[PDB]
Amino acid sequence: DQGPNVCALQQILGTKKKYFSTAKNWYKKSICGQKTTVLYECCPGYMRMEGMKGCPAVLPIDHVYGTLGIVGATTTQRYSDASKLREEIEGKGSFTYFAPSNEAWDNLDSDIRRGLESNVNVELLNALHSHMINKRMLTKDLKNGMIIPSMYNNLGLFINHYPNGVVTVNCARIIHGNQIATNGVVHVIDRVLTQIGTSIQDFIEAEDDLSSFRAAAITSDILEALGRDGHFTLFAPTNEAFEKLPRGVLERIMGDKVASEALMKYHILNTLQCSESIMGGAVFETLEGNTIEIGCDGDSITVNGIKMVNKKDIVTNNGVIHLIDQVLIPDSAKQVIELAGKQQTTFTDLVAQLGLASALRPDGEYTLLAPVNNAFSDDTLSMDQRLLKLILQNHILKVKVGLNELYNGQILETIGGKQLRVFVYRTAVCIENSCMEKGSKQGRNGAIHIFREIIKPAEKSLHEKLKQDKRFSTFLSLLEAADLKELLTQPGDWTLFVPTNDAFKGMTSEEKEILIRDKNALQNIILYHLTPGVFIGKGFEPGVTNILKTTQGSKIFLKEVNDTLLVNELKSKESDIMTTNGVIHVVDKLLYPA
């Protein structure tokens, strides 16, 4: 339980994976998404005493052979006895012994096991020697990437040492490390070591279930790179994996050299990751340059949250291979409409249902502006689907435009023929009335961006929006008295604050004849309400006051708080009213520079 020299053997619940370590102060952390059942006992070689907590007493060390029995491997001991390796590891020298546990021998192929028991003198001794090193090497001495010649024919032992502490030999993890023996050190490993493969390329060419994948490799000329030296991690999709793909998609990706090359590189890692090195979620950069998320649930390895791994830890000379049930497809190999996620499904479905899906050709370059599913209300989907189709046509571009390519004042051409204004702010980018969210992606034939609202290009100008509402009438007169009608009719970029007639009625119309006498002061009072450029409340960062220079030249302050626009610390009635040449914010009272 607790005390000196107490060792804890953890087993991940629902799995056969076991971790042995000294009982420290903090190891109740769960591994691979599951908690563990712990088994407390004296560390091997240590003994309990009467009336004493823990195991204060220790037994003298033995040689490597006796240590095999000390660490709990009876089967490795017996095979060492039958092959007459016992007398070597009891004798003079220094030996590191990587000893499969009893379970590890149980999991060995029965024909291979009886095949080793068939010849004890040669084959069994050669395998056990393949498990050994000519000098004593503790776990700290086993460094990631080391290739250590074994005691049989100088067979390479491929060492991996990971930040989490996992140490593996040919991807076999060391459960119980550093058992000190007079003759050397004994480590217990979770599997029996096997002959190393020629290379990843040779395994792909030799394997029939990789027949599909192999083909694609030869098309991308990336198979030759997998036959040279290195440390790789290859997730190999099986024939089942390619047959699980939608019809024609594999043909379309194979027909394109860039899509095939990127697809291939997306399955490869530049480092050697054994399955036993994964205790949880992590991100790895593939050779394509996008990252895959590798994790574990129980004993099942997960890739991008899905568990595709059936056969794992196939160790070759140049790296490790894990078989997967699916095909990892990077965004760079995907058609644009395939870049959409969960929150775009409605959009993704609508363009498919209303006949715009076929309109995105593989030979073209397109941009999807995709409102989230929350941006489609019931009243929206209640409209006649042909008007809805016209609205969706404003969300598709016939040119690919990346998020890094956008700029303020840019105009985009929808496939529906209309024009979208781009407004770039410091913290936000808003196309027409709708502003972008995070999560833009770029595919093979185009790019996709995500919007909070449905994009509705403004059909009416400033002047038209002014003369169509009665509450603005007086103000419009003043704007026409200022000779600003031509500005309100013609295109441009403007931010206009419109006081309602309710604001002029606060002056009881007598200040209208008072200020009607001033020709110059009317120009100041009016021009203070107009600012160059379009500034909408959705684009501001919340809580921040915005200092803008009006066309009158005096400063005006715009602060969006709780999705409510405040102009000079006065709450606006209506805000963000989009026109063709500008934006309108309706205010309660008449504005003065002050």
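Numbering starts at 1 and runs along the sequence shown.
J.: Quick one: higher average CA temperature factor, 505-513 or 484-492?
T.: Per the PDB entry, the higher value belongs to 505-513.
J.: If you take the mean CA temperature factor per stretch, which one wins between 140-148 and 118-126?
T.: Per the deposited B-factors, the answer is 118-126.
J.: Return the residue from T74, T286, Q523, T346 that has the highest Cα B-factor in the entry.
T.: Result of the comparison over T74, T286, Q523, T346: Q523.
J.: Can you tell me which of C32, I547, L68, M52 has the maximum CA B-factor listed in the PDB entry?
T.: Max CA B-factor in the entry, restricted to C32, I547, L68, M52: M52.
J.: What third of its chain's C-alpha B-factors does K92 belong to: lowest, middle or highest?
T.: As the PDB entry reports it, the C-alpha B-factor of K92 lands in the lowest third of its chain.
J.: Name the third of the chain's ranked CA B-factors that contains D229, choosing lowest, middle or highest.
T.: As the PDB entry reports it, the C-alpha B-factor of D229 lands in the highest third of its chain.
J.: Can you tell me whether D62 has a C-alpha B-factor in the lowest, middle or highest third compared with the other modelled residues of the same chain?
T.: It belongs to the lowest third of the chain when residues are ordered by C-alpha B-factor.
J.: Considering every modelled residue of the chain and its Cα B-factor in the PDB entry, is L39 in the lowest, middle or highest third?
T.: Middle third - that is where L39 ends up once the chain's C-alpha B-factors are sorted.
J.: For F535, return the chain-relative third of its C-alpha B-factor as stated in the PDB record: lowest, middle or highest.
T.: According to the entry, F535 has a C-alpha B-factor in the chain's lowest third.
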